[PDB]
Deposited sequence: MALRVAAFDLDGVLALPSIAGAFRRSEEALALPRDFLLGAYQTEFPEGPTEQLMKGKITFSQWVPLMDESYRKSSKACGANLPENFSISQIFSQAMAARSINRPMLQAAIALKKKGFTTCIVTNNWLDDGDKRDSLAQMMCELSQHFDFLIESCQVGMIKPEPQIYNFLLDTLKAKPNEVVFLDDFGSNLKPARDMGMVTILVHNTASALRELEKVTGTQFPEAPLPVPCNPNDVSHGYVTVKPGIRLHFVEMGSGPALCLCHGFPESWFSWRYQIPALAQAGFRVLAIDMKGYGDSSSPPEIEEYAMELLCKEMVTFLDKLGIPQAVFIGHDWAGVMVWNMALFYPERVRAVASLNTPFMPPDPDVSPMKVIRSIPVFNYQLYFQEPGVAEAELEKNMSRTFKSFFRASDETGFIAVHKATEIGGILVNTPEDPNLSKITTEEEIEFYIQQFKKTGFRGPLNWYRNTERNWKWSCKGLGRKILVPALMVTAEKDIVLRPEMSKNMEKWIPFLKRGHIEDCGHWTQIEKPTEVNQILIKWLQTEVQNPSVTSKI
């Protein structure tokens, strides 16, 4: 079947002659100063989330969702209030049936037959619900499953849970994806192009992903950040997904990555953004902050701490010591781990992406002994409760284009990176910063960030309990909160 609700006050609230038909669309708001004080009433009404969530559910579930409300056209000033609130609901329903458009209001039987026509279905297999009920007269007539909404849910979730089946109580933020998205495509150097995704309106914040991921990762913070009130630019890190991913090694020097990261802003014409890296990106994100502070309004790292280099300590040597940094050494040899990971990506990803309470992880340190970062990993990885089968399939497809050379090439510029950063040795980071640490991150544990403020005074902190290395995907609702609260505050 299909499920429908009205907005008047069921999917948004607090709820609410020339007035009776401006609904039909023959007149605007401003041009209607007869029979004013509410150009705010509408303002002070936002989304009814448990209700809005009920939708994505059913849509994920197999229905077609809609809005068939009695509208009007706001040339108001608290107009945008509407735009956004609408631009928000937008993607989650397939049909927008508004009175101010199809000329026919609620409750004239029109809209109902019109609705049913619009999708083409029987009065029975389509449910409806209005805060009004005086509107559910017709729908009950024809023969459709009616539902009131006199509270802010109740039987809504409950009696509507009848539908097919139910929904939860503490939801994940909404996903977002993966072609209902703008696909920008800046080209920096000759052969080098950078793909990315865009959502929401300014100011800008670049979401730089890590190894071995894709922009797809922020799939939960992207919408949220947009709504937050920012223009998100979730990029595919050089070498990954739809951006150019050469074979050359020097190609992935940090010095390089950061420089290009700038040419990106230039080309796109932005003079400053909020860089927010995680994993190997956070490294860059901080270097970003260290080498081009102008173009950075603020920085946030996820799990990754600011790890300066000791001028009197070969960088390699230091990698050979941290027991857990083995895999990392394993990698250093070209074609090798490529060959290992590539062989069967299906396994590769479910092995990598597992939680903080998940068996079968990676072989961080035995990796050289065992001679393979997956050898203690099953042969038929169990789907991590932290991803879906499609969630994986995307990562695969996205990786079939690049292979693994390039993403791995990020490790392989060990010496030089050190060589280069050995200049931000005299400097200190001043532009707003945030270090969000994950309690149970096996490599890149919190402990490694305790000195940071020696470098980054004012460094603000974020800490998420029960975390894996897969922060966004694992504790998103949290990540969002913090991330937003951060941007809001500073």
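S.K.: Which ranges of the deposited chain go unmodelled, in order along the sequence?
M.R.: No C-alpha coordinates exist for 1 to 3, 20 to 47, 67 to 89, 545 to 554.
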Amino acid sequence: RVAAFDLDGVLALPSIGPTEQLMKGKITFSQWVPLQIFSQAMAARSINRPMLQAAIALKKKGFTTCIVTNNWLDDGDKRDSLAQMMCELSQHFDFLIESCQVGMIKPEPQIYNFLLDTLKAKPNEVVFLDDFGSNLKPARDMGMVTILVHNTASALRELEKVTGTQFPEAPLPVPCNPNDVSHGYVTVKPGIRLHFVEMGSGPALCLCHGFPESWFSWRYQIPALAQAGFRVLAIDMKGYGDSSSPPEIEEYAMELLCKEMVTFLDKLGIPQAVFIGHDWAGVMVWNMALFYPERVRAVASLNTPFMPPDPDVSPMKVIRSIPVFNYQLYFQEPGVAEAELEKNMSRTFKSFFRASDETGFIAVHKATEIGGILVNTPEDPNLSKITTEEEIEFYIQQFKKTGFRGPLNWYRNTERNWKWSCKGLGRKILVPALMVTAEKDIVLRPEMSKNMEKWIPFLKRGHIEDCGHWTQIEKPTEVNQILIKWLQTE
From here on, numbers count along this sequence of modelled residues.
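S.K.: Among the other entries that model both neighbours of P50, does it go unmodelled in a third or more?
M.R.: In all of the other entries, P50 has coordinates.
S.K.: For at least a third of the other PDB entries compared, is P34 missing from the model even though its neighbours are present?
M.R.: Comparison shows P34 dropped in at least a third of the other entries.
S.K.: So which stretch wins on mean C-alpha B-factor, 197 to 205 or 238 to 246?
M.R.: Per the PDB entry, the higher value belongs to 197 to 205.
S.K.: If you average the CA temperature factors as listed in the entry, which stretch comes out higher, 155 to 163 or 221 to 229?
M.R.: Result of the comparison: 155 to 163.
S.K.: Could you say which of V479, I16, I473, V10 has its CA atom at the highest B factor, as listed in the PDB entry?
M.R.: The listed residue with the largest C-alpha B-factor is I16.
S.K.: Whose CA atom has the top B-factor in the entry, of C176, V274, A170, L374?
M.R.: In the PDB entry, the greatest C-alpha B-factor among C176, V274, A170, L374 is found at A170.
S.K.: Can you tell me whether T414 has a C-alpha B-factor in the lowest, middle or highest third compared with the other modelled residues of the same chain?
M.R.: Lowest third of the chain for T414's C-alpha B-factor.
S.K.: What third of its chain's C-alpha B-factors does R295 belong to: lowest, middle or highest?
M.R.: According to the entry, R295 has a C-alpha B-factor in the chain's lowest third.
S.K.: Determine, from the deposited record, the chain-internal third of the Cα B-factor for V68: lowest, middle or highest.
M.R.: According to the entry, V68 has a C-alpha B-factor in the chain's middle third.
S.K.: By the recorded C-alpha temperature factor, relative to the other modelled residues in its chain, which third is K460 in?
M.R.: According to the entry, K460 has a C-alpha B-factor in the chain's lowest third.
S.K.: Just say lowest, middle or highest third for the CA B-factor of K106 relative to the other modelled residues in its chain.
M.R.: Answer is highest: the recorded C-alpha B-factor places it there.
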